[PDB]
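Participant: My questions will all concern the structure given below.
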There are 8 protein chains.
Amino acid sequence: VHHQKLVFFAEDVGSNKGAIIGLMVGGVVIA
Amino acid sequence: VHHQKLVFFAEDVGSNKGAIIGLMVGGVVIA
Amino acid sequence: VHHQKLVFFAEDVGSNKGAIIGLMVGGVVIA
Amino acid sequence: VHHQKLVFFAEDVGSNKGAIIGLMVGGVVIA
Amino acid sequence: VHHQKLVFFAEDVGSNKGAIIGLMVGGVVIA
Amino acid sequence: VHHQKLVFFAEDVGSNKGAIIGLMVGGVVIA
Amino acid sequence: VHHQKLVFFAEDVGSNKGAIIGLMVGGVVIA
Amino acid sequence: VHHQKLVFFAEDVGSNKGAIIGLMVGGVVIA
């Protein structure tokens with residue numbers, strides 16, 4: 001929270017392919 | 001919260017393909 | 001909240017394709 | 001709140017395609 | 001389209017908590 | 001499309017907690 | 001499409017907890 | 001597509017806990 005960049009598919013040159021599914025970092029669920 | 005960039009699909013040159021599904025960072029649910 | 005950029009699909013040159021589904025950062029639900 | 005840019009589909013040159021669904025940052029619901 | 005029910009949070013008894021984010025079924029975007 | 005029920009959090013009795021993020025079935029994007 | 005039920009958190013009795021992240025069935029993206 | 005049930009956390013009695021992350025069946029991405 002103090003400092004976060006969070007950057008995806010940035011500064012891409014040429015042909016780029018990919019995909020992101022799910023992926024969870026930290027956080028609290030079901031308390 | 002202090003400093004966040006949060007940038008996606010920025011400064012893209014040429015052909016770029018991709019997709020983002022779900023993906024959760026931090027946060028609180030079901031308290 | 002202090003400083004946020006929040007920029008998507010900006011400064012795009014050429015052909016760019018993509019999609020964003022869901023994606024949650026921080027926040028509070030169900031208190 | 002102090003400083004926010006919030007910019008989407010800006011400064012786009014050429015052909016650009018994409019879509020945003022949901023996506024929630026911060027905020028408080030159901031108190 | 002022929003027959004759809006589409007019912008959420010219906011016939012609820014007692015204490016129920018939950019949330020729905022995104023979620024897309026069918027449909028056509030970016031043609 | 002011919003026949004769809006699509007029912008969530010229905011007929012709930014007692015205490016129930018949960019959450020749904022993303023989740024995509026079928027559909028066409030980026031054509 | 002011919003016949004779909006699609007039912008979640010239905011007919012729940014007592015205490016139930018859980019969460020769904022991502023999860024994709026079928027569909028076409030990036031054409 | 002011809003016939004799908006797709007049912008999760010249904011007909012639950014008593015105390016039930018669990019979580020689903022990712023999980024992909026079929027579908028086509030990056031064409």
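Letters A, B, ... mark the chains of the structure tokens in the order given; residue numbers begin at 1 per chain; ligand numbers begin at 1, in order shown.
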Compile the contact shell of residue 15 (chain F) as a VMD selection string: residues with an atom at most 10 Å away, counting only C-alpha atoms, same-chain residues fewer than 6 positions apart removed.
Facilitator: (chain E and resid 13 to 17) or (chain G and resid 12 to 17)
Participant: Keeping only N, CA and C atoms, write those residues as a CSV table (one decimal), in the first residue's frame.
Facilitator:
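As a result, selection-v1.csv now contains:
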```csv
chain,number,residue,atom,x,y,z
E,13,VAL,N,-33.8,-16.7,3.6
E,13,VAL,CA,-34.3,-16.7,5.0
E,13,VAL,C,-33.1,-16.8,6.0
E,14,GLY,N,-33.1,-15.9,7.0
E,14,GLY,CA,-32.0,-15.9,7.9
E,14,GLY,C,-30.9,-14.9,7.5
E,15,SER,N,-29.7,-15.2,7.8
E,15,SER,CA,-28.6,-14.2,7.5
E,15,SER,C,-27.8,-14.7,6.3
E,16,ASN,N,-27.8,-13.9,5.2
E,16,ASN,CA,-27.1,-14.3,4.0
E,16,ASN,C,-26.1,-13.2,3.6
E,17,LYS,N,-24.9,-13.5,3.3
E,17,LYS,CA,-23.9,-12.5,2.8
E,17,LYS,C,-23.2,-13.0,1.6
G,12,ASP,N,-28.8,-23.9,0.3
G,12,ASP,CA,-27.8,-24.1,1.3
G,12,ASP,C,-28.4,-24.0,2.7
G,13,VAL,N,-28.1,-25.0,3.6
G,13,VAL,CA,-28.7,-25.0,4.9
G,13,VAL,C,-27.6,-25.1,6.0
G,14,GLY,N,-27.6,-24.2,7.0
G,14,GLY,CA,-26.6,-24.3,8.0
G,14,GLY,C,-25.5,-23.3,7.7
G,15,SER,N,-24.2,-23.6,8.0
G,15,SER,CA,-23.1,-22.7,7.8
G,15,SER,C,-22.3,-23.1,6.6
G,16,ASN,N,-22.2,-22.3,5.6
G,16,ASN,CA,-21.4,-22.6,4.4
G,16,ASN,C,-20.5,-21.5,4.0
G,17,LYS,N,-19.2,-21.8,3.8
G,17,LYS,CA,-18.2,-20.8,3.4
G,17,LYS,C,-17.4,-21.3,2.2
```
Participant: Return the neighbours of chain A among the residues of chain F, cut-off 12 Å, counting only C-alpha atoms, as a list in words.
Facilitator: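 Selected residues: residues 16, 17, 18, 19, 20, 21, 22, 23 and 24 of chain F.
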Participant: Just the selected residues (N, CA, C and O atoms), exported as a JSON list (two decimals), in the first residue's frame, please.
Facilitator:
```
[["chain", "number", "residue", "atom", "x", "y", "z"],
["F", 16, "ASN", "N", -24.99, -18.09, 5.42],
["F", 16, "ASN", "CA", -24.24, -18.44, 4.21],
["F", 16, "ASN", "C", -23.30, -17.31, 3.81],
["F", 16, "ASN", "O", -23.72, -16.15, 3.73],
["F", 17, "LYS", "N", -22.05, -17.65, 3.53],
["F", 17, "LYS", "CA", -21.08, -16.65, 3.11],
["F", 17, "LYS", "C", -20.31, -17.13, 1.88],
["F", 17, "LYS", "O", -20.01, -18.31, 1.76],
["F", 18, "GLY", "N", -19.97, -16.20, 0.99],
["F", 18, "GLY", "CA", -19.21, -16.57, -0.21],
["F", 18, "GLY", "C", -19.00, -15.37, -1.14],
["F", 18, "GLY", "O", -19.56, -14.30, -0.91],
["F", 19, "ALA", "N", -18.22, -15.57, -2.20],
["F", 19, "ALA", "CA", -17.98, -14.51, -3.17],
["F", 19, "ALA", "C", -17.59, -15.09, -4.52],
["F", 19, "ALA", "O", -16.96, -16.15, -4.60],
["F", 20, "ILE", "N", -17.94, -14.37, -5.59],
["F", 20, "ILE", "CA", -17.60, -14.81, -6.95],
["F", 20, "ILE", "C", -16.79, -13.73, -7.67],
["F", 20, "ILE", "O", -17.21, -12.58, -7.75],
["F", 21, "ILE", "N", -15.62, -14.11, -8.19],
["F", 21, "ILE", "CA", -14.76, -13.16, -8.91],
["F", 21, "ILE", "C", -14.47, -13.65, -10.32],
["F", 21, "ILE", "O", -14.09, -14.80, -10.53],
["F", 22, "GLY", "N", -14.65, -12.77, -11.31],
["F", 22, "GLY", "CA", -14.41, -13.16, -12.70],
["F", 22, "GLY", "C", -15.43, -14.21, -13.13],
["F", 22, "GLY", "O", -16.63, -13.92, -13.10],
["F", 23, "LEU", "N", -14.96, -15.38, -13.56],
["F", 23, "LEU", "CA", -15.83, -16.46, -14.02],
["F", 23, "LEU", "C", -16.50, -16.11, -15.35],
["F", 23, "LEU", "O", -17.43, -15.31, -15.40],
["F", 24, "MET", "N", -16.00, -16.70, -16.43],
["F", 24, "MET", "CA", -16.56, -16.43, -17.76],
["F", 24, "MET", "C", -16.90, -17.72, -18.49],
["F", 24, "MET", "O", -16.06, -18.62, -18.61]]
```
Participant: What does the distance from CA of residue 5 (chain H) to CA of residue 25 (chain F) come to in Å, to one decimal?
Facilitator: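 About the pair CA of residue 5 (chain H) and CA of residue 25 (chain F): they are 12.5 Å apart.
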Participant: Please identify which residues in chain H DSSP calls strand (DSSP E) from the backbone, and express them as a PyMOL selection string.
Facilitator: chain H and resi 7-8+13-16+19-21+24-25
Participant: For residue 7 (chain A), please output as number ranges by chain all residues within 9 Å (counting only C-alpha atoms; exclusion window: fewer than 3 positions along the same chain).
Facilitator: A: 10; B: 5-10
Participant: Residues within 7 Å of residue 28 (chain H), please, as a ChimeraX atom specification. Count only C-alpha atoms; anything in the same chain fewer than 3 positions from it doesn't count.
Facilitator: /G:26-29
